[PDB]
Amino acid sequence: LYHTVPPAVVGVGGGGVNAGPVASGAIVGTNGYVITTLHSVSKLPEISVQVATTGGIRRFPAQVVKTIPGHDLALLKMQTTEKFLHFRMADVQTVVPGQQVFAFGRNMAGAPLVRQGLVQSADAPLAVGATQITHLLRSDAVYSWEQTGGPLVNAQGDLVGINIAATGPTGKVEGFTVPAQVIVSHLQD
């Protein structure tokens, strides 16, 4: 699993040469579609997506194609003629409390992050700035802010959702997750 999922896990950040990922994202289409969290890229002047290859990190400029503000998601398209391995939206599955899930990300250096955990809730609300997002998943697989925007998968490696790391009142990290059907159903082309 830790072999076949990471290639579709990207880093996302600004366009500076010396800039690295500020969040993660998931490649969801051959021609360079990335889903990531909206609050991570909306204030960025330029967006660059960082992709792992056998020869090291490759960077591609990206633009926003569609925003899903109600669920803090953004859909990017990389500007490239290259083709990518991706999550197959057909294979998108749901999860239930108790189920085991895996949250992937890339750090500020482009290295892969994975953490395992259980689904603790399948209906939690979250406040990202002014938006009240509802019906979120909740899981302890999300321990780090660098995991925000990256994918949650099940044990078979199907895309299950997109992760949001949030702040507790005590400052403890709590894992949240936008269910992956929010992707298919707020999308068309």
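Residue numbers run from 1 along the displayed sequence.
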Looking at the entry, does 119-127 or 31-39 show the higher mean C-alpha B-factor? 119-127
Per the PDB record, is the mean Cα temperature factor higher over 5-13 or over 177-185? 177-185
Quiz for you: based on the deposited Cα B-factor, which of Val101, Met108, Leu85, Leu76 is highest? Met108
Classify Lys66 as lowest, middle or highest third according to the C-alpha B-factor given in the PDB entry, relative to its own chain. highest
Hey, what third does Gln132 fall into on Cα B-factor, ranked over its chain? highest
For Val142, return the chain-relative third of its C-alpha B-factor as stated in the PDB record: lowest, middle or highest. middle
Hey, what third does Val96 fall into on Cα B-factor, ranked over its chain? lowest
How does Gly20 rank on Cα B-factor within its chain, lowest, middle or highest third? middle
